[PDB]
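A.B. asks: Structure below; questions to follow.
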Amino acid sequence: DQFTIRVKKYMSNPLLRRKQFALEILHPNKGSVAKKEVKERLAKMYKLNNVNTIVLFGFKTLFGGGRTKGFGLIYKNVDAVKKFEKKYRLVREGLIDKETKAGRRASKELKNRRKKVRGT
Amino acid sequence: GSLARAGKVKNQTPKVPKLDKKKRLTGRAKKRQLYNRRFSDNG
Amino acid sequence: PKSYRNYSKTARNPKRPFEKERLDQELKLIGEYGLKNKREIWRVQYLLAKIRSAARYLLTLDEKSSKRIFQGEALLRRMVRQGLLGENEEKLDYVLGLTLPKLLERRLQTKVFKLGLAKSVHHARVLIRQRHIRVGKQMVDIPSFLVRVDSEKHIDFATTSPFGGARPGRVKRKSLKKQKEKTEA
Amino acid sequence: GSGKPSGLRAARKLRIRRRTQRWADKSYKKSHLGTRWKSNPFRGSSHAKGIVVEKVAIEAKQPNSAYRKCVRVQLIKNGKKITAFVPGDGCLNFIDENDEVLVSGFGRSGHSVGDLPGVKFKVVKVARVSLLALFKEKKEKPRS
RNA sequence: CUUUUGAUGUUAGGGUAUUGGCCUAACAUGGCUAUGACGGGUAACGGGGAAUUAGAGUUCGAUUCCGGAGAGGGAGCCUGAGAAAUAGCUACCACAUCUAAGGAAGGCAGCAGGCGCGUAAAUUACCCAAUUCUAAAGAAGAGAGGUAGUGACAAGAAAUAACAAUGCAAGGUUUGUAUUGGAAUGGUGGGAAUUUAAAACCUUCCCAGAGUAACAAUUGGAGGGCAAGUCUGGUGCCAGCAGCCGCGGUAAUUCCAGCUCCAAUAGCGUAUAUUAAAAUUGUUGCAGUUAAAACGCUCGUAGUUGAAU
Ligand SMILES: [Mg+2]
Ligand SMILES: [Mg+2]
Ligand SMILES: [Mg+2]
Ligand SMILES: [Mg+2]
Ligand SMILES: [Mg+2]
Ligand SMILES: [Mg+2]
Ligand SMILES: [Mg+2]
Ligand SMILES: [Mg+2]
Ligand SMILES: [Mg+2]
Ligand SMILES: [Mg+2]
Ligand SMILES: [Mg+2]
Ligand SMILES: [Mg+2]
Ligand SMILES: [Mg+2]
Ligand SMILES: [Mg+2]
Ligand SMILES: [Mg+2]
Ligand SMILES: [Mg+2]
Ligand SMILES: [Mg+2]
Ligand SMILES: [Mg+2]
Ligand SMILES: [Mg+2]
Ligand SMILES: [Mg+2]
Ligand SMILES: [Mg+2]
Ligand SMILES: [Mg+2]
Ligand SMILES: [Mg+2]
Ligand SMILES: [Mg+2]
């Protein structure tokens, strides 16, 4: 709970619908803070009614504990996030999941197409 | 001639096994010890 | 393809491997400044040596040649930062006059030994490796670390050490405490 | 006078003489003649694998008196027969009369070494176990 | 040497996307060469570079980029803006697969993987997340590419204790070193936090968690060169070692051991090559009475060198 987030090279970006930033979490002594808490803090900071326009990533915890760098992304609305975030990040967040086993026996299947009028 | 003698002397010698020793120091510690032996108290 | 992450040898070997005097000198150095190999010494020599070479090159050029003034000046500044020269001896002829002691002095372990903290050099080294010591915010567990004069004053036991205020937090002390508790109950 | 020309425009002569003369240097000749690849068992290599043909003794140079234990082996690479001295106090018997030996140089490029007359090679592995290891014995035992 | 077979040129053409003996015809007799032509060799792709150098240099450069070339071997085409394409086609040669014997398809010097060759080299892994390309161009593909796996190729950092008591030691009270004993901590094991396309590592925190801290450092040496034993047994010109000189013929400081020591140390040996050491290829920078080496002598073309003004 004794952890300040200082937010660096913050950058509004209306080409996308997001605020980018780098993000340092000072948490002296009591090491490591989970993403959820950080997100909450961010929300508190920027009024930001709903928590899940925030996407955090790249949280490296640095040698010795105590500090911890990351990258914050904050979208305008969930629609925006849906539109231009890559799927993996969305999945991680928990907005969606397709657990689709396309695999790369997909590739094999594709190359097994020689003459098509094939459902099969 | 004789390839019969190949491995004479070694075979002859009595096998005295190693023995227990005080596990030696290594790296820095060893260096320190060496220094002490050479220069510090003897100097 | 190959990666482009280029890499470099930090230490040249001797040349004449069983010269007595040199060996003795190396040993002395090791003794004094708590070093693990001759490799450390070699590394530091290399570090020194590059600088020395640069200085020599600069001196071959005349004053108010652009290169000499710029690069030489930069070198001097770097040396000053490192804690090799200071106030009196900042003229580029002086950066030649550096020896190994000058460099070893600025190793973190040596600094630690100097500024109280540990009874010995060896002790200091072990402290450093055992995650105590910090050099301005950041912990540091490599004794080699060349402390710059900007961050000499900001050296002490880290925030998270047992003897920098963050619980006995050991296998030892904690265990002892537990034992005591058990005995009590 | 110097011997050499020291003209400003002399370079051709200077180069050319050096080019011809280099070949008097023995080492240079050894490096740059093509007979290296032809007339060498290892054929420009560190080691070679040879099956053994004959465990054999070689009497040493006159002052010293020993019969050094060699192994006449046939290189698989080249079909070349060569004697290779086997180290160790009793390491002739550690090899078989037909064993796939891995043989190295002796330390002096081609040139022969020490007491031995004209054995330029040091067997240093038998059936993939290291001769040195076998000699030590605490490390390994010959698999067959 | 090149020239019937275009060698060198001129003219006219043909051809090309265009120039051109590029090809044809006609006509000249040229062209290159001791400043090495033409052959031969290269264990030769070129270059950017690499190693090693005080400075010169010497060697290397298959190999991150640029260029060239090739897709078993030659040759030939089609398509197309671009191919003389090879996961296009035709043919032959050389390999080789299926076949009901009629035919048919095939080309890893793409990625893995296998046999062979060999001194000599990793997984038939996961993914398009990043970097890019292609497309009807966010949204699909990509063994391009990336991520892990194997990996002592190299490269970097860095544990294997430290500290304090007495006991013992030596020094002019302090350093050093045998008993104890509380502190420190990685490693290792398990959870998370994070990381990531998903994992794994990294780091991070929390539980576990050293005293013979068995969580056990090796490698190669101890005559010299060369740092370190004329310590103990064994062998007895044998076995062996020894890069070199040498050691061994019953005191071996050299063999075989044990102990002790020395070096470098998570590395350390051996081999082959290479650079330096090599002013032992000498431009800097060698030597030539006698050590290797002044042509028997002079003339002489190229070559190099050339008074002053
Ligand atoms: Mg800790
Ligand atoms: Mg004609
Ligand atoms: Mg070639
Ligand atoms: Mg190349
Ligand atoms: Mg080749
Ligand atoms: Mg092939
Ligand atoms: Mg083709
Ligand atoms: Mg293919
Ligand atoms: Mg073909
Ligand atoms: Mg392959
Ligand atoms: Mg290999
Ligand atoms: Mg992409
Ligand atoms: Mg690839
Ligand atoms: Mg000596
Ligand atoms: Mg040897
Ligand atoms: Mg004896
Ligand atoms: Mg011995
Ligand atoms: Mg050389
Ligand atoms: Mg030189
Ligand atoms: Mg000479
Ligand atoms: Mg003479
Ligand atoms: Mg004469
Ligand atoms: Mg003339
Ligand atoms: Mg003149």
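Starting from 1 in every chain, residues are counted up; chains themselves are A, B, ... following the order of the structure tokens, and ligands are numbered from 1 as listed.
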Got a sec to check which residues lie within 12 Å of ligand 21, using only C-alpha atoms (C1' of nucleotides) and all ligand atoms, and send them as a VMD selection string?
C.D. replies: chain E and resid 287 to 294
A.B. asks: Hey, which residues come within 9 Å of ligand 20 if we count only C-alpha atoms (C1' of nucleotides) and all ligand atoms? Could you give them as number ranges by chain?
C.D. replies: E: 279-280, 282, 286-287
A.B. asks: Okay, now the selection with N, CA and C atoms (P, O5', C5', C4', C3', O3' and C1' of nucleotides), as a PDB file, in the first residue's frame?
C.D. replies:
ATOM      1  P     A E 279      61.063  -7.971 -36.429  1.00  0.00           P
ATOM      2  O5'   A E 279      62.596  -7.749 -36.797  1.00  0.00           O
ATOM      3  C5'   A E 279      63.221  -8.529 -37.824  1.00  0.00           C
ATOM      4  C4'   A E 279      64.682  -8.182 -37.940  1.00  0.00           C
ATOM      5  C3'   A E 279      65.541  -8.480 -36.708  1.00  0.00           C
ATOM      6  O3'   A E 279      66.699  -9.255 -37.024  1.00  0.00           O
ATOM      7  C1'   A E 279      65.771  -6.203 -37.389  1.00  0.00           C
ATOM      8  P     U E 280      66.810 -10.780 -36.533  1.00  0.00           P
ATOM      9  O5'   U E 280      65.784 -11.530 -37.479  1.00  0.00           O
ATOM     10  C5'   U E 280      65.980 -11.519 -38.892  1.00  0.00           C
ATOM     11  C4'   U E 280      65.370 -12.758 -39.477  1.00  0.00           C
ATOM     12  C3'   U E 280      63.867 -12.900 -39.300  1.00  0.00           C
ATOM     13  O3'   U E 280      63.327 -12.097 -40.349  1.00  0.00           O
ATOM     14  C1'   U E 280      64.980 -14.939 -38.758  1.00  0.00           C
ATOM     15  P     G E 282      59.767  -7.977 -44.898  1.00  0.00           P
ATOM     16  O5'   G E 282      60.888  -7.169 -44.113  1.00  0.00           O
ATOM     17  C5'   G E 282      61.414  -5.989 -44.721  1.00  0.00           C
ATOM     18  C4'   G E 282      62.763  -5.605 -44.170  1.00  0.00           C
ATOM     19  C3'   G E 282      63.877  -5.499 -45.198  1.00  0.00           C
ATOM     20  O3'   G E 282      63.887  -4.203 -45.789  1.00  0.00           O
ATOM     21  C1'   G E 282      64.633  -6.319 -43.074  1.00  0.00           C
ATOM     22  P     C E 286      68.820  -2.630 -43.207  1.00  0.00           P
ATOM     23  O5'   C E 286      69.541  -3.826 -42.446  1.00  0.00           O
ATOM     24  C5'   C E 286      69.217  -4.107 -41.078  1.00  0.00           C
ATOM     25  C4'   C E 286      69.558  -5.535 -40.728  1.00  0.00           C
ATOM     26  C3'   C E 286      70.858  -6.087 -41.292  1.00  0.00           C
ATOM     27  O3'   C E 286      71.934  -5.728 -40.436  1.00  0.00           O
ATOM     28  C1'   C E 286      69.132  -7.632 -41.690  1.00  0.00           C
ATOM     29  P     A E 287      73.310  -5.216 -41.046  1.00  0.00           P
ATOM     30  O5'   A E 287      73.862  -6.503 -41.800  1.00  0.00           O
ATOM     31  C5'   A E 287      74.389  -7.584 -41.026  1.00  0.00           C
ATOM     32  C4'   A E 287      74.560  -8.823 -41.872  1.00  0.00           C
ATOM     33  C3'   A E 287      75.561  -8.740 -43.016  1.00  0.00           C
ATOM     34  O3'   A E 287      76.890  -8.824 -42.499  1.00  0.00           O
ATOM     35  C1'   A E 287      73.603  -9.815 -43.763  1.00  0.00           C
TER      36        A E 287
END
A.B. asks: Output as a list in words the set of chain A residues within 10 Å of chain E, with distances taken over only C-alpha atoms (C1' of nucleotides).
C.D. replies: residues 29, 30, 31, 32, 33, 34, 35, 57, 58, 59, 60, 61, 62, 63, 64, 65, 66, 67, 68, 83, 84, 86, 87, 88, 89, 103, 104 and 107 of chain A
A.B. asks: Can I get the selection written as a tab-separated table (two decimals), in the first residue's frame, with N, CA, C and O atoms?
C.D. replies:
chain	number	residue	atom	x	y	z
A	29	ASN	N	11.12	-0.86	0.29
A	29	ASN	CA	11.00	-1.97	1.23
A	29	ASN	C	10.03	-3.05	0.73
A	29	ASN	O	10.48	-4.08	0.21
A	30	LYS	N	8.72	-2.82	0.86
A	30	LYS	CA	7.72	-3.84	0.52
A	30	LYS	C	7.69	-4.04	-0.98
A	30	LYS	O	7.10	-3.24	-1.72
A	31	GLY	N	8.32	-5.12	-1.42
A	31	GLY	CA	8.60	-5.33	-2.83
A	31	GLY	C	7.42	-5.86	-3.62
A	31	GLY	O	6.59	-6.59	-3.08
A	32	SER	N	7.39	-5.47	-4.90
A	32	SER	CA	6.43	-5.93	-5.91
A	32	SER	C	4.98	-5.52	-5.63
A	32	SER	O	4.47	-5.71	-4.52
A	33	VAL	N	4.33	-4.93	-6.63
A	33	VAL	CA	2.90	-4.63	-6.55
A	33	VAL	C	2.21	-5.19	-7.79
A	33	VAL	O	2.71	-5.03	-8.91
A	34	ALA	N	1.07	-5.84	-7.57
A	34	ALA	CA	0.31	-6.47	-8.65
A	34	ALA	C	-0.32	-5.41	-9.53
A	34	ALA	O	-0.50	-4.27	-9.11
A	35	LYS	N	-0.66	-5.81	-10.75
A	35	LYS	CA	-1.12	-4.88	-11.76
A	35	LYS	C	-2.42	-4.23	-11.34
A	35	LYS	O	-2.61	-3.08	-11.72
A	57	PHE	N	1.77	-2.88	-19.34
A	57	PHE	CA	2.65	-3.92	-19.83
A	57	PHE	C	4.13	-3.56	-19.65
A	57	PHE	O	4.50	-2.39	-19.50
A	58	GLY	N	4.95	-4.61	-19.69
A	58	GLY	CA	6.39	-4.48	-19.62
A	58	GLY	C	6.89	-4.09	-18.25
A	58	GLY	O	7.83	-3.31	-18.14
A	59	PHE	N	6.28	-4.65	-17.21
A	59	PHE	CA	6.66	-4.31	-15.85
A	59	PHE	C	7.93	-5.05	-15.45
A	59	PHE	O	7.88	-6.21	-15.08
A	60	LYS	N	9.07	-4.38	-15.56
A	60	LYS	CA	10.32	-4.94	-15.08
A	60	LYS	C	10.53	-4.41	-13.68
A	60	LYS	O	10.33	-3.21	-13.44
A	61	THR	N	10.95	-5.27	-12.77
A	61	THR	CA	11.02	-4.90	-11.35
A	61	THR	C	12.38	-4.41	-10.86
A	61	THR	O	12.51	-4.12	-9.68
A	62	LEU	N	13.38	-4.32	-11.74
A	62	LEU	CA	14.71	-3.74	-11.42
A	62	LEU	C	15.49	-4.35	-10.26
A	62	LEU	O	14.93	-4.81	-9.26
A	63	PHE	N	16.80	-4.30	-10.39
A	63	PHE	CA	17.69	-4.94	-9.43
A	63	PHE	C	17.57	-4.28	-8.05
A	63	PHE	O	17.60	-3.05	-7.93
A	64	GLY	N	17.41	-5.10	-7.01
A	64	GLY	CA	17.33	-4.62	-5.63
A	64	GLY	C	15.94	-4.37	-5.06
A	64	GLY	O	15.81	-4.09	-3.87
A	65	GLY	N	14.92	-4.47	-5.91
A	65	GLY	CA	13.53	-4.23	-5.49
A	65	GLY	C	13.33	-2.74	-5.40
A	65	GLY	O	14.10	-1.97	-5.97
A	66	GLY	N	12.27	-2.32	-4.70
A	66	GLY	CA	12.10	-0.91	-4.36
A	66	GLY	C	11.57	-0.01	-5.47
A	66	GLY	O	10.77	0.89	-5.20
A	67	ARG	N	12.06	-0.20	-6.70
A	67	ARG	CA	11.56	0.51	-7.86
A	67	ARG	C	11.14	-0.54	-8.84
A	67	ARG	O	11.47	-1.70	-8.66
A	68	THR	N	10.39	-0.14	-9.86
A	68	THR	CA	9.81	-1.07	-10.84
A	68	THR	C	9.24	-0.29	-12.01
A	68	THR	O	8.27	0.46	-11.82
A	83	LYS	N	-10.99	-1.86	-30.63
A	83	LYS	CA	-10.59	-1.48	-31.99
A	83	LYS	C	-9.08	-1.58	-32.27
A	83	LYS	O	-8.68	-2.29	-33.20
A	84	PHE	N	-8.26	-0.85	-31.51
A	84	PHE	CA	-6.79	-0.92	-31.71
A	84	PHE	C	-5.97	-1.19	-30.48
A	84	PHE	O	-5.16	-0.38	-30.03
A	86	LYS	N	-3.93	-5.03	-29.89
A	86	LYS	CA	-3.74	-6.37	-30.43
A	86	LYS	C	-4.37	-7.38	-29.49
A	86	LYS	O	-4.42	-7.17	-28.28
A	87	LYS	N	-4.82	-8.49	-30.07
A	87	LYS	CA	-5.73	-9.41	-29.43
A	87	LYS	C	-5.14	-9.97	-28.16
A	87	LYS	O	-5.89	-10.19	-27.21
A	88	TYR	N	-3.84	-10.27	-28.19
A	88	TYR	CA	-3.16	-10.92	-27.08
A	88	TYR	C	-3.29	-10.08	-25.81
A	88	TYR	O	-3.61	-10.60	-24.73
A	89	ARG	N	-3.05	-8.78	-25.98
A	89	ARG	CA	-3.12	-7.85	-24.85
A	89	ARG	C	-4.52	-7.83	-24.26
A	89	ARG	O	-4.67	-7.86	-23.03
A	103	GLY	N	-3.50	-23.77	-34.60
A	103	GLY	CA	-2.19	-24.43	-34.62
A	103	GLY	C	-1.42	-24.05	-35.87
A	103	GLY	O	-1.81	-23.13	-36.59
A	104	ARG	N	-0.30	-24.73	-36.10
A	104	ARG	CA	0.33	-24.71	-37.42
A	104	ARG	C	0.44	-26.17	-37.96
A	104	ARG	O	1.46	-26.60	-38.50
A	107	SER	N	-1.25	-25.08	-41.32
A	107	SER	CA	-0.41	-24.95	-42.51
A	107	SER	C	-0.47	-26.23	-43.35
A	107	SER	O	-0.63	-26.17	-44.57
A.B. asks: Using only C-alpha atoms (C1' of nucleotides), which chain D residues lie at most 8 Å away from chain E, written as a list in words?
C.D. replies: residues 5, 7, 9, 10, 18, 21, 22, 25, 37, 44, 45, 46, 47, 48, 49, 64, 65, 66, 77, 88, 89, 104, 105, 106, 107, 108, 109 and 114 of chain D
A.B. asks: Could the residues in this selection be written to a file with N, CA, C and O atoms, as a CSV table (one decimal), in the first residue's frame?
C.D. replies:
chain,number,residue,atom,x,y,z
D,5,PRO,N,67.9,-1.0,-53.5
D,5,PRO,CA,67.6,0.3,-54.1
D,5,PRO,C,66.8,1.1,-53.2
D,5,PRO,O,65.8,0.6,-52.7
D,7,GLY,N,65.4,4.3,-54.3
D,7,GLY,CA,64.9,5.3,-55.2
D,7,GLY,C,63.4,5.6,-54.7
D,7,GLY,O,62.8,4.8,-54.0
D,9,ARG,N,61.0,6.0,-57.0
D,9,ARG,CA,60.3,5.2,-57.9
D,9,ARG,C,60.8,3.8,-58.0
D,9,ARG,O,60.6,3.1,-59.0
D,10,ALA,N,61.4,3.3,-56.9
D,10,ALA,CA,62.0,2.0,-56.9
D,10,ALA,C,61.1,0.8,-56.6
D,10,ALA,O,61.6,-0.4,-56.6
D,18,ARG,N,61.7,-9.1,-52.8
D,18,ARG,CA,61.1,-9.7,-51.6
D,18,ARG,C,60.3,-10.9,-51.9
D,18,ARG,O,60.4,-11.9,-51.2
D,21,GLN,N,62.5,-13.8,-52.7
D,21,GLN,CA,63.3,-14.2,-51.6
D,21,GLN,C,62.6,-14.8,-50.5
D,21,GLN,O,63.1,-15.7,-49.8
D,22,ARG,N,61.4,-14.3,-50.2
D,22,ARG,CA,60.5,-15.0,-49.2
D,22,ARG,C,60.7,-16.5,-49.2
D,22,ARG,O,60.9,-17.1,-48.2
D,25,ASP,N,63.0,-18.5,-46.9
D,25,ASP,CA,62.5,-18.7,-45.6
D,25,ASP,C,61.9,-20.0,-45.5
D,25,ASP,O,61.0,-20.4,-46.3
D,37,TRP,N,49.6,-30.2,-48.6
D,37,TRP,CA,48.3,-31.0,-48.7
D,37,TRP,C,48.6,-32.4,-49.2
D,37,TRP,O,48.1,-33.4,-48.7
D,44,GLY,N,46.5,-31.4,-43.6
D,44,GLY,CA,46.2,-30.1,-43.1
D,44,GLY,C,45.1,-30.2,-42.1
D,44,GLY,O,44.0,-29.7,-42.3
D,45,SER,N,45.3,-30.9,-41.0
D,45,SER,CA,44.3,-31.1,-39.9
D,45,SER,C,45.0,-31.3,-38.6
D,45,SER,O,46.2,-31.6,-38.5
D,46,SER,N,44.2,-31.2,-37.5
D,46,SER,CA,44.7,-31.2,-36.2
D,46,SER,C,45.0,-32.7,-35.8
D,46,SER,O,46.0,-33.0,-35.3
D,47,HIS,N,44.0,-33.5,-36.0
D,47,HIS,CA,44.0,-34.9,-35.7
D,47,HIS,C,43.6,-35.7,-36.9
D,47,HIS,O,43.3,-35.2,-37.9
D,48,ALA,N,43.6,-37.0,-36.7
D,48,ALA,CA,43.1,-38.0,-37.7
D,48,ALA,C,42.7,-39.2,-37.0
D,48,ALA,O,43.3,-39.6,-36.0
D,49,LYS,N,41.7,-39.9,-37.6
D,49,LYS,CA,41.3,-41.2,-37.1
D,49,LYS,C,41.9,-42.3,-37.9
D,49,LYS,O,41.8,-42.3,-39.2
D,64,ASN,N,70.2,-42.0,-25.1
D,64,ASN,CA,69.1,-42.6,-24.3
D,64,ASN,C,68.9,-44.0,-24.7
D,64,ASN,O,69.2,-44.4,-25.9
D,65,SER,N,68.4,-44.8,-23.8
D,65,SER,CA,68.2,-46.2,-24.0
D,65,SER,C,66.8,-46.6,-23.6
D,65,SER,O,66.6,-46.8,-22.4
D,66,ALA,N,65.9,-46.6,-24.5
D,66,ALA,CA,64.6,-47.2,-24.3
D,66,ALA,C,64.0,-47.7,-25.6
D,66,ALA,O,64.5,-47.4,-26.7
D,77,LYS,N,40.7,-41.4,-43.2
D,77,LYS,CA,40.7,-40.3,-44.1
D,77,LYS,C,41.5,-40.6,-45.4
D,77,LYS,O,40.9,-40.7,-46.5
D,88,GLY,N,51.9,-42.7,-21.7
D,88,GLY,CA,51.5,-43.5,-20.5
D,88,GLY,C,52.6,-44.5,-20.1
D,88,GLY,O,53.3,-44.9,-20.9
D,89,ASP,N,52.6,-44.8,-18.8
D,89,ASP,CA,53.5,-45.8,-18.3
D,89,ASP,C,53.2,-47.2,-18.8
D,89,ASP,O,54.1,-48.0,-18.9
D,104,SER,N,46.9,-37.4,-32.9
D,104,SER,CA,47.2,-36.0,-33.0
D,104,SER,C,48.7,-35.8,-33.4
D,104,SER,O,49.4,-36.8,-33.5
D,105,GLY,N,49.1,-34.6,-33.7
D,105,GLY,CA,50.5,-34.3,-33.8
D,105,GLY,C,51.3,-34.5,-32.5
D,105,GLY,O,50.6,-34.7,-31.5
D,106,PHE,N,52.6,-34.3,-32.5
D,106,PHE,CA,53.4,-34.5,-31.3
D,106,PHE,C,53.8,-33.2,-30.7
D,106,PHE,O,54.2,-33.2,-29.5
D,107,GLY,N,53.6,-32.1,-31.4
D,107,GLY,CA,53.9,-30.8,-30.8
D,107,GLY,C,54.8,-29.9,-31.7
D,107,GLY,O,55.0,-28.8,-31.4
D,108,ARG,N,55.4,-30.5,-32.7
D,108,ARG,CA,56.4,-29.9,-33.5
D,108,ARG,C,56.1,-29.8,-35.0
D,108,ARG,O,57.0,-30.1,-35.8
D,109,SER,N,54.9,-29.4,-35.3
D,109,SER,CA,54.3,-29.5,-36.6
D,109,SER,C,54.6,-31.0,-37.2
D,109,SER,O,54.2,-31.9,-36.6
D,114,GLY,N,62.0,-35.5,-29.7
D,114,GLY,CA,62.7,-36.0,-28.5
D,114,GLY,C,63.6,-37.2,-28.8
D,114,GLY,O,64.6,-37.1,-29.5
A.B. asks: Give the helix (DSSP H, G or I) residues of chain C, as DSSP finds them on the backbone, and put them as number ranges by chain.
C.D. replies: C: 20-33, 39-60, 66-82, 100-105, 108-114, 121-129, 149-151, 162-164, 172-184
A.B. asks: What does the distance between CA of residue 136 in chain D and CA of residue 10 in chain B come to in Å, to one decimal place?
C.D. replies: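 These atoms are spaced 11.1 Å apart.
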